[PDB]
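Undergrad: The structure is given below, and queries will be raised subsequently.
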Ligand SMILES: *[C@@H]1O[C@H](CO)[C@@H](O)[C@H](O)[C@H]1NC(C)=O
Ligand SMILES: *[C@@H]1O[C@H](CO)[C@@H](O)[C@H](O)[C@H]1NC(C)=O
């Protein structure tokens with residue numbers, strides 16, 4: 001058989017539904033969202049980390065001349081000076097008032113520790129969802145996993161069940177993000193080849209060990225100092241450490257709907273929001289002919305007690321008469337309240353007690369046992385404890401919290417003087433005619 | 001110095017512009033789009049190719065029983081039969097009217113040739129552009145390459161020149177595409193894990209040699225035939241060959257703007273459309289003080305001849321008087337027409353001939369030599385040849401094809417009888433007053 005139904009996005013909340021077919025008992029279908037897996041599409045842009053500068057041995061020409069060449073090293077720079085007398089422990093290596101010249105150069109490369117301290121800039125897009133479901137029909141359980149896209153059915157027993165699309169798309173990921181040491185930070189990094197001294201992503205590389213590298217961090221060389229050979233240099237602090245000191249808090253502590261986010265897939269998990277439609281195909285073998293199912297007689301509904309609460313705090317009682325033995329499912333045809341158990345042993349004249357919960361204190365609804373059903377009305381009270389994190393609001397409110405007493409007061413309240421007004425107008429017309437008699 | 005200017009997207013079309021500074025000769029700047037490189041962002045979804053089925057040696061139980069197990073092979077299926085008498089050249093291996101049983105199984109894997117015949121489904125998005133430019137300022141040439149994004153300046157001589165964003169985004173790539181043997185076909189492939197027998201992408205794999213594989217192509221086993229052991233099977237033709245017979249023509253022959261598309265970067269090249277703004281910084285050293293530049297006197301414009309055409313079919317002549325020797329640039333301050341050369345040797349009283357082209361046959365405009373300028377008016381005729389692919393329409397039309405004669409006819413055409421109407425009304429008022437005199 002075939003059926004369809006919509007379920008809200010939420011993990012570990014069984015929903016119980018019925019499929020009705022004349023001549024066959026209505027099977028109880030249990031649907032649970034075991035887990036959620038939102039996986040977007042990712043693109044790698046470039047890596048970055050703390051950098052180490054290079055101060056190579058200088059190129060000193062004793063009583064000659066030199067120049068400022070070019071090279072492919074990232075942040076490569078050169079500069080030359082003349083009339084320099086460098087010294088050293090053995091003495092002065094060379095002195096020529098003008099002919100001496102010194103040439104210095106500088107570049108940079110990722111530090112050796114970068115291999116593990118590196119962060120990466122990611123371009124993300126097109127959030128896609130993967131959902132794991134547990135579906136039980138007639139004590140026939142099945143574990144399945146599928147995308148929410150309406151095209152693909154996940155394979156479980158070769159039963160193709162379609163679902164989606166998502167009611168409303170939610171994505172804590174911004175189009176641009178950064179990843180570091182298992183943490184994901186929402187940030188707007190600059191484009192590849194776009195750098196700013198003292199800013200994040202001052203150094204770039206397609207790979208952690210790629211030979212090609214590019215950066216720009218305001219490295220201007222300084223003139224040689226007094227009498228001692230060295231290379232006085234200058235450069236702005238790494239943007240990596242700066243951004244680290246002020247990167248902001250991780251997205252782990254800011255995502256809505258309690259997302260659980262992991263890096264190696266760059267995905268979210270157990271993050272719930274929205275609703276999903278589902279199409280379900282069922283073999284007719286699983287179905288049971290009604291005559292095989294037991295029949296019931298003169299069943300009554302009795303509310304032992306019920307306090308409005310969050311857990312299955314509502315309790316009900318049922319007295320039934322039957323001509324057969326076996327099992328029947330039970331269902332709450334009214335959405336406002338939902339049971340906790342599916343079926344139970346039956347009896348010729350036995351009675352049972354049932355658990356349930358509701359979104360309103362007004363326990364007025366109808367409930368079905370076997371194929372028959374009976375009404376159930378009562379009042380439930382709010383609880384004392386008002387703070388718990390266990391599953392709650394399994395059903396959303398439908399402005400049905402309005403008590404029957406409030407409806408009674410409202411109905412008798414609204415006036416109907418307009419009828420008196422019309423009667424007054426009619427008698428006015430008749431009296432006007434009578435006066436016209438004169 | 002700094003300047004800005006917008007240029008249309010087109011390859012190999014030098015544009016000549018001027019930067020004006022009092023006390024400095026206006027340098028001639030030449031801008032050419034050497035090439036274009038549009039590179040989008042790509043995501044790999046799954047591979048596919050022709051498949052080969054597997055018919056393993058059957059599992060035959062001589063006078064016993066068997067079952068239909070499960071396995072992880074793609075399209076794995078099993079089926080069993082009983083009461084079978086298989087035969088073979090040495091005779092009948094076993095016969096038991098009922099106790100004999102036969103079990104067959106079937107699956108599939110990518111064919112060995114797939115390694116080179118494989119096609120891949122790609123998810124593309126976020127088209128990005130890379131542009132190569134050649135810029136010449138004062139016989140100072142520079143070859144640069146940069147993105148059109150307004151943030152990143154390409155590096156060439158360490159001269160940061162920004163450009164973009166694109167005036168209008170164009171992308172022949174659909175969000176979904178397929179690649180095969182160096183060809184790119186625009187197609188809407190199904191999602192990973194979504195298959196249909198006889199349809200494209202019936203077999204999937206994250207890698208060409210990934211052990212994991214999934215497919216569904218309607219493989220139902222057939223009952224054993226008469227007296228001869230074998231495995232009669234059935235299955236639908238590969239969607240790969242079907243799509244090949246009807247894949248449609250390559251995108252190479254359908255993309256607009258003459259895109260040249262390559263696969264290993266999945267990029268387009270030399271595909272022109274739209275306009276791009278550009279910001280250009282220039283060292284003041286390149287600039288030349290005006291006094292250093294030669295001065296000119298009483299220069300006249302003379303049109304030797306001009307036929308409206310596509311190439312530099314317009315010819316002009318200039319007679320000048322100068323007090324200095326050297327060089328000056330020339331420019332067409334009117335967009336409708338553009339020169340072909342930048343500068344020339346100067347003389348105290350010499351004269352020169354110049355080439356140019358235009359988008360209108362009306363050669364009315366002003367042209368600047370050194371810092372001074374002179375007007376130039378004339379009429380150009382359409383050409384005889386009307387079919388050529390060489391660069392043309394270097395300037396877009398600005399409804400200026402309207403000839404001066406047409407304007408003359410239009411001006412004298414439109415009437416002004418409303419003035420006669422007002423005069424008639426005024427004389428009517430005066431005559432009405434005179435009649436009121438009576
Ligand atoms: C499921 O219930 C049916 C009767 O409703 C019973 O015949 C069957 O054995 C049950 N299956 C399991 C696995 O309990
Ligand atoms: C460029 O032109 C200037 C004068 O306009 C000249 O001094 C210089 O040598 C030229 N450079 C080259 C490379 O021709």
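No lab work stands behind these numbers, since they all come straight from the coordinates. Please note: Cβ atoms are built from the backbone with ideal geometry, for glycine as well, and neighbour counts cover all protein chains shown.
Undergrad: Under a no-solvent Debye model with one identical scatterer per Cα of the stretch B:355-407, what's log10 I(q)/I(0) at q = 0.20, 0.26, 0.30 Å⁻¹?
TA: Result of the Debye calculation: -0.89, -1.21, -1.32.
Undergrad: Rg to Rh ratio, the stretch A:279-394, alpha-carbon atoms and Kirkwood radius?
TA: Checking Rg against Rh, the ratio lands at 1.02.
Undergrad: Can you compute the equivalent ellipsoid semi-axes for the stretch A:304-361, i.e. the square root of 5 times each eigenvalue of the Cα gyration tensor, sorted largest first and rounded to whole Å?
TA: The answer is 24, 11, 8 Å, longest axis first.
Undergrad: Peptide A:151-160: average number of partner chain Cβ atoms within 10 Å per residue? Could the numbers behind the result be given before it?
TA: Details: counts 5, 6, 2, 2, 3, 0, 0, 2, 0, 1.
Per residue, the number of nearby Cβ atoms from other chains is 2 on average.
Undergrad: Based on the Cα gyration tensor of the stretch B:389-438, what are the three equivalent ellipsoid semi-axes, each the root of five times an eigenvalue, rounded to whole Å and given largest first?
TA: 54, 9, 4
Undergrad: Largest first and to the nearest Å, give the Cα extent of the stretch A:1-66 along each principal axis.
TA: That works out to 110, 21, 14 Å along the principal axes.
Undergrad: Label position 7 Å from Cα toward Cβ: report the copy-to-copy distances for residue B:410 in nm, one decimal, ordered from shortest.
TA: Once sorted, the set of distances for residue B:410 reads 7.1 nm.
Undergrad: For residue A:403 and residue A:160, compute 0.36 nm times the residue count separating them, minus their Cα-Cα distance, and round to one decimal in nm. Before the final figure, lay out each step's value.
TA: On the way: separation 243, 0.36 × 243 = 87.48 nm, distance 4.38 nm.
Extra length from residue A:403 to residue A:160 when fully extended: 83.1 nm.
Undergrad: On to the next question. Where the label is 7 Å out from Cα toward Cβ, how close does residue A:260 come to the same position in every other copy, in nm, shortest first?
TA: Relative to the other copies, residue A:260 has label-point distances of 5.4 nm.
Undergrad: Mind listing the label-point distances from residue A:391 to the same position on all other copies, shortest first, one decimal in nm, points 7 Å along Cα→Cβ?
TA: List, nearest first: 7.2 nm.
Undergrad: Sticking with this structure for a sec: If you consider only alpha-carbon coordinates, what radius of gyration and Dmax does the stretch B:100-193 have, in Å?
TA: 24.1, 96
Undergrad: Counting other beta carbons within 10 Å of each residue's own, what order do B:181, A:123 fall into, fewest first?
TA: Going from sparsest to densest Cβ surroundings: B:181, A:123.
Undergrad: Which number do you get for Rg(Cα) / (2.2 N^0.38 Å) in the stretch B:245-336?
TA: Details: Rg = 23.7 Å, N = 92, 2.2 N^0.38 = 12.3 Å.
This ratio for the stretch B:245-336 stands at 1.94.
Undergrad: In Å, what Kirkwood hydrodynamic radius results for the stretch B:151-297 from the alpha-carbon pair distances?
TA: Evaluated over the stretch B:151-297, this radius sits at 21.5 Å.
Undergrad: Tell me the Rg and the Dmax, in Å, that the Cα atoms of chain A produce.
TA: Rg, Dmax (Cα atoms, Å): 38.7, 144.
Undergrad: OK, next. The stretch B:360-420 to the stretch A:42-102: how many Å between their Cα centroids?
TA: 62
Undergrad: Here is a follow-up. Using Cα atoms only, what is the angle between the long axis of helix A:417-437 and the major principal axis of chain A, expressed in degrees (0 to 90) to the nearest 10?
TA: The answer is roughly 60 degrees.
Undergrad: Given all pairs of different Cα atoms, what value in angstroms does the Kirkwood hydrodynamic radius of the protein assembly as shown take?
TA: In the protein assembly as shown this quantity evaluates to 37.9 Å.
Undergrad: Over the stretch A:322-438, what is the mean sequence separation of C-alpha contacts under 8 Å (at least six apart), divided by residue count, expressed as relative contact order in percent?
TA: 21
Undergrad: Which of A:414, A:312, A:51 moves the most in a Gaussian network model of chain A with Cα springs under 10 Å?
TA: A:414
Undergrad: When B:18, A:27 are ordered from fewest to most other Cβ atoms inside 10 Å of their Cβ, what list results?
TA: Working: B:18 16, A:27 21.
Arranged by neighbour count, lowest to highest, B:18, A:27 become B:18, A:27.
Undergrad: May I ask for the angle, rounded to the nearest 10°, between helix B:404-413 and the longest principal axis of chain B, with both axes built from Cα atoms and the value confined to 0 to 90°?
TA: 70
Undergrad: Also, I was wondering about something else. Using helices alone, what [θ] at 222 nm do you get for chain A, with -39,500 (n - 2.57) per DSSP H run of 4 or more residues, divided over all residues and rounded to the nearest 500?
TA: -3000 deg cm²/dmol, from helical runs alone.
Undergrad: Same structure, new question: If R₀ is 25 angstrom, what is the calculated FRET efficiency for the pair residue A:223 and residue A:71, using the beta carbon separation as r and rounding to 0.05?
TA: Working: r = 22 Å, r/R0 = 0.86.
Computed FRET efficiency for residue A:223 and residue A:71: 0.70.
Undergrad: Among the residues of chain B, which one places its Cβ closest to the rotation axis that maps chain B onto chain A, and what is that distance in whole Å?
TA: Closest to the axis: B:125, 3.
Undergrad: Could you grab the relative contact order for the stretch B:153-200? Cα pairs under 8 Å, six or more apart, rounded to a whole percent.
TA: Numbers: 27 pairs, mean separation 9.4, N = 48.
Computed over the stretch B:153-200, the figure is 20 percent.
Undergrad: Return the ratio Rg/(2.2 N^0.38 Å) for the stretch A:151-209, where Rg is computed over Cα atoms only. Can you show the working numbers first?
TA: On the way: Rg = 19.7 Å, N = 59, 2.2 N^0.38 = 10.4 Å.
After normalising by residue count via 2.2 N^0.38 Å, the value is 1.90.
Undergrad: Relative contact order for chain B: what percent, with Cα pairs under 8 Å and sequence separation of 6 or more?
TA: Relative CO of chain B lands at 16 percent.
Undergrad: Can you sort B:36, A:403 from fewest to most other Cβ atoms within 10 Å of each residue's own Cβ?
TA: Listed from fewest to most nearby Cβ atoms, that is A:403, B:36.
Undergrad: Taking the inverse of the average 1/r across all pairs of different Cα atoms in the stretch A:1-140, what Kirkwood radius in Å do you get?
TA: 22.9
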